[PDB]
Amino acid sequence: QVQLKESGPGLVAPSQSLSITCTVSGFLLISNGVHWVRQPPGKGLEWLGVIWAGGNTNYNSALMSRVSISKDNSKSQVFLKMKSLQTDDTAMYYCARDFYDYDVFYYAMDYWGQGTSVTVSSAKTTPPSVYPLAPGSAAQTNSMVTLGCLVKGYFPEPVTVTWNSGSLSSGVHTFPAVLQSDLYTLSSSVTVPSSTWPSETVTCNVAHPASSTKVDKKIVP
Amino acid sequence: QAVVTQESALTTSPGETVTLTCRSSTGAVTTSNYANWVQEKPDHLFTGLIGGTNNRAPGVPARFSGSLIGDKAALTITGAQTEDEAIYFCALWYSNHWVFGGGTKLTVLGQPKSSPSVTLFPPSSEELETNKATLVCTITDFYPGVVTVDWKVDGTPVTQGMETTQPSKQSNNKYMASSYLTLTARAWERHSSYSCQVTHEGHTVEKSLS
Amino acid sequence: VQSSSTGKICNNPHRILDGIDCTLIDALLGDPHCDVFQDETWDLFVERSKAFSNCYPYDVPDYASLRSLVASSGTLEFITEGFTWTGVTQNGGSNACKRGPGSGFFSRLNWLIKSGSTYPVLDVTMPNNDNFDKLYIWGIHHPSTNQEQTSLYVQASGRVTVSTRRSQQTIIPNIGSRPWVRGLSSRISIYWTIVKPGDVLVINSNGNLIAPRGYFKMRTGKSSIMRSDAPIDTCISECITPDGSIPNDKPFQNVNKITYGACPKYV
Ligand SMILES: [Zn+2]
Ligand SMILES: [Zn+2]
Ligand SMILES: [Zn+2]
């Protein structure tokens, strides 16, 4: 069957050269073209360029000055080479098969690859600083008090928030990280009954694998 | 080359017959454009749907149809099912150059509307000691998965330092989201009231502090 | 006079190849349903009536002649070669000749078409260094519309020149709509070339080429082809006729003007 896989770096610093590889199976590069489509986080797709079965290429007018698609027909590998990388380039990079119907005469991108994530960051692995979040404005509304826990500026992903080392599970809502500055900040909140806090201790746990740091922080009222 | 434009998001319910559309800045979408309709499922696993404007790709259920409706291209899900929820991308060919559309988020209401639980958290003494203050507003358990977050300072509208995470599905399939307002201790002292305004399904539910 | 056949064609002792529903030429070009005859060999190749093509609509001018040259050689041994087409998309195919999951074409042929924006002026050359003749087979494509012509080969009118040191065929496509066959009003036209040792096949074109995948090894015409719906039996017999086997004991036979093997003279 048709099949395309992308294998690349995952993390490259601004001003270096990105080099993804789309390894195709079940069809020959002399029989079809291969396209490169990139999807930056929270954005639409972007077509980078294409390398035809004949070897000639066609790039996206914009990024053309920095892109360069090639291929080794005998290895079944297409090569997307990008230079002068800049942060914006953080995106999912996909390669999809170019298809042309001989009987009806139309182009189409039929086989999409699985994709490969590439982050362009100049940041060193830095553990997260963890600030506890308590209510402050006690409106005394209802029996469900909600605590929080800010996991500030770490890199790279992921971190692992946990409350009371797992004892609290009901409504632990842990949101996705964002990218303030150049590091990932994230937060997590657990909701408990007013007849539990400050009565009992609700503690926050933030293990961050990449930098072997594991901070616990008790949320006081 | 040109700019392919399409609905931001569309919300249907099972049964209804929806029709995503695909416009071209440069004019009408002819057969010359080979309108391609890719379907992006969860966690970006793209799948071809229709090609060359109306040629239904193999696996694709009969219910998806390609066509030209006037001067724009279209796709019509006839009898949408919950399993049709996805971002539907339109791509238009312009002389050995492809141009995708913004993509459409299709919602297929399968459960009751749920109102978000808003929460505004004030900066922590700790974070403040290092001369930075970050307001954390956690919006949760809303359905359908779409909200608009707006920040306010002393009643006036904020336009800086705010960052809102895109909504994320939950285990119960409702949704959670988050917004942050980042200012320096000094600027945090400079005002008295801070508010997070969560707009979801017409109404706006805000929380505020001082 | 010998004037009667068993009615069957005895499987012994000549190597008799029944093409079943493939004619020789279809098995040669490689109609998907004759994939079984690949590299096959025979003394006598019997073509039945059933025989029906079932791939891209084509016509072979000088058919009966190209048919006979192959029939005689008695081998269908194809030899792939390293043709180098740079600038065009190879492996073309169609729905009128499905294979596997979809679009297919003749196994022994390679449909070239544009590579994105263009179709360069192709011009390969392949030398016959060997000690035997080579029989290349190629074709030219005739789209039925100037639209098709341009979608596939870009150029508004193509051309195919297949020269060796002594020959020179320059056929140019002819756009127009022919009768519908398997959904097509288009056609390909099969041509051929034999390259003598120390010669060079030279393919130059800029459109419509239906490129060769290699060459057919040619031996000496000792074998032959014959059309007959005669059954094949397990028996020994030396004289085969379209009607069947007839004994070569008598000096004259009047059964049929066509026969294979040590046979009585026809009357
Ligand atoms: Zn909840
Ligand atoms: Zn103020
Ligand atoms: Zn004999």
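Note that each Cβ is placed from the backbone with ideal geometry, even for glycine, and that neighbours are counted across all protein chains shown. No value in this document is a laboratory result; all are computed from the given coordinates.
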Based on this model, can you work out whether C:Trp85 counts as touching a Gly at 6+ places or on another chain (Cβ under 9 Å), surrounded by 18 or more Cβ atoms within 10 Å (Cβ to Cβ) and facing another protein chain (nearest Cβ under 10 Å)? yes
Considering C:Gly221, C:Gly198, which residue is in contact (Cβ under 8 Å) with a residue 12 or more places away in the chain and on the phi > 0 side of the Ramachandran plot? C:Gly198
For residues in the stretch B:141-187 being within 13 Å of chain A (Cβ to nearest Cβ) and among the aromatic types (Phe, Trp, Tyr), which is nearest to ligand 3 (Cβ to nearest atom)? B:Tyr175
In the stretch C:66-103, how many residues are in contact with a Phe, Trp or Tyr (Cβ under 9 Å, 6 or more places away or on another chain), not aromatic (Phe, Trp, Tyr) and not in a helix (DSSP H, G or I)? 20
Within the set of pairs 6 or more residues apart or between chains, which connect a residue that is free of Cβ contacts under 8 Å to residues at least 12 places away in the same chain inside the stretch C:238-267 to a residue that is part of a strand (DSSP E or B) and away from ligand 3 (no atom under 13 Å from the Cβ) with Cβ atoms less than 6 Å apart? C:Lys257/C:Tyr266
Filtered residues of the stretch B:90-119 (kept if touching a residue at least 60 places away in the same chain (Cβ under 8 Å), under 30 Å from B:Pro14 (Cα atoms) and part of a strand (DSSP E or B)): B:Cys90, B:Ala91, B:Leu92, B:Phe100, B:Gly101, B:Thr104, B:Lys105, B:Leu106, B:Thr107, B:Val108, B:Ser114
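Let's see how each residue does on (1) within 18 Å of A:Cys149 (Cβ to Cβ); (2) in contact with a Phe, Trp or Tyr (Cβ under 7 Å, 6 or more places away or on another chain); (3) more than 16 Å from ligand 2 (Cβ to nearest atom):
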{"residue": "B:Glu129", "(1), (2), (3)": "yes, no, yes"}
{"residue": "B:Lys132", "(1), (2), (3)": "yes, no, yes"}
{"residue": "B:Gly145", "(1), (2), (3)": "no, yes, yes"}
{"residue": "B:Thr148", "(1), (2), (3)": "no, no, yes"}
{"residue": "B:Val153", "(1), (2), (3)": "no, yes, no"}
{"residue": "B:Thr156", "(1), (2), (3)": "no, no, no"}
{"residue": "B:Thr159", "(1), (2), (3)": "no, no, no"}
{"residue": "B:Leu183", "(1), (2), (3)": "no, no, no"}
{"residue": "B:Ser208", "(1), (2), (3)": "no, yes, no"}
Output the residue which, of all residues in the stretch A:173-212 that are assigned to a loop (DSSP other than H, G, I, E, B) and closer than 30 Å to A:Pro40 by Cβ, is nearest to ligand 2 (Cβ to nearest atom). A:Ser181
Subset of the stretch C:32-63 that is of a type in the set (D, E, K, R) and over 30 Å from C:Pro101 (Cα atoms) - its residue that is surrounded by the fewest Cβ atoms within 10 Å (Cβ to Cβ): C:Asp62
Scan of the stretch B:34-81 for residues that are within 11 Å of chain A (Cβ to nearest Cβ), more than 19 Å from B:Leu10 (Cβ to Cβ) and among the acidic types (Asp, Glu), ordered by number: B:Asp43
May I ask you to verify whether B:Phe142 is surrounded by 19 or more Cβ atoms within 10 Å (Cβ to Cβ), of a type in the set (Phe, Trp, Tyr) and over 23 Å from the mean Cα position of the chain (by Cα)? no
Return yes when A:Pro40 is more than 9 Å from every other protein chain (Cβ to nearest Cβ), of a type outside the set (A, V, I, L, M, F, W, C) and in contact with a helix residue (DSSP H, G or I) (Cβ under 8 Å, 6 or more places away or on another chain) and no when it is not. yes
If a residue must be in contact (Cβ under 8 Å) with a residue 60 or more places away in the chain and in contact with a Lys or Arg (Cβ under 7 Å, 6 or more places away or on another chain), how many such residues does the stretch A:28-74 contain? 2
Do we have B:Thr138 as touching a helix residue (DSSP H, G or I) at 6+ places or on another chain (Cβ under 8 Å), among the β-branched types (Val, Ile, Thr) and more than 21 Å from B:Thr11 (Cα to Cα) here? no
Looking only at the stretch A:150-187, how many residues end up being more than 16 Å from ligand 1 (Cβ to nearest atom), under 19 Å from A:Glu200 (Cβ atoms) and of a type in the set (S, T, N, Q)? 4
Checked the stretch C:208-257 for anything closer than 30 Å to C:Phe132 by Cβ, within 15 Å of ligand 3 (Cβ to nearest atom) and not basic (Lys, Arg); matches are C:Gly221, C:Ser223, C:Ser224, C:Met226, C:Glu238, C:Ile240
Out of all the residues in the stretch A:171-211, which are more than 23 Å from A:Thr141 (Cβ to Cβ), without any contact (Cβ under 8 Å) to a residue 40 or more places away in the chain and surrounded by fewer than 19 Cβ atoms within 10 Å (Cβ to Cβ)? A:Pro176, A:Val178, A:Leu179, A:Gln180, A:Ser181
Picking from A:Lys81, A:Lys71, the residue that is of a type in the set (D, E, K, R), within 14 Å of chain C (Cβ to nearest Cβ) and part of a strand (DSSP E or B) would be A:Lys71
Within the stretch B:120-139, work out how many residues are surrounded by fewer than 22 Cβ atoms within 10 Å (Cβ to Cβ), facing chain A (nearest Cβ under 8 Å) and touching a residue at least 24 places away in the same chain (Cβ under 8 Å). 1
Could you check how many residues of the stretch C:12-54 are on the phi > 0 side of the Ramachandran plot and among the charged types (D, E, K, R)? 1
Per the list (1) over 18 Å from B:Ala91 (Cβ atoms); (2) free of Cβ contacts under 8 Å to residues at least 60 places away in the same chain; (3) charged (D, E, K, R); (4) crowded, with 18+ Cβ neighbours inside 10 Å, residue check on A:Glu6 breaks on (2)
Anything in the stretch B:23-54 that is buried (at least 17 other Cβ atoms within 10 Å of the Cβ), part of a strand (DSSP E or B) and over 26 Å from the mean Cα position of the chain (by Cα)? List them, or say none. none
Among the listed residues C:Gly92, C:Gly116, which satisfies the condition of being within 11 Å of chain A (Cβ to nearest Cβ) and farther than 15 Å from C:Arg213 by Cα? C:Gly116
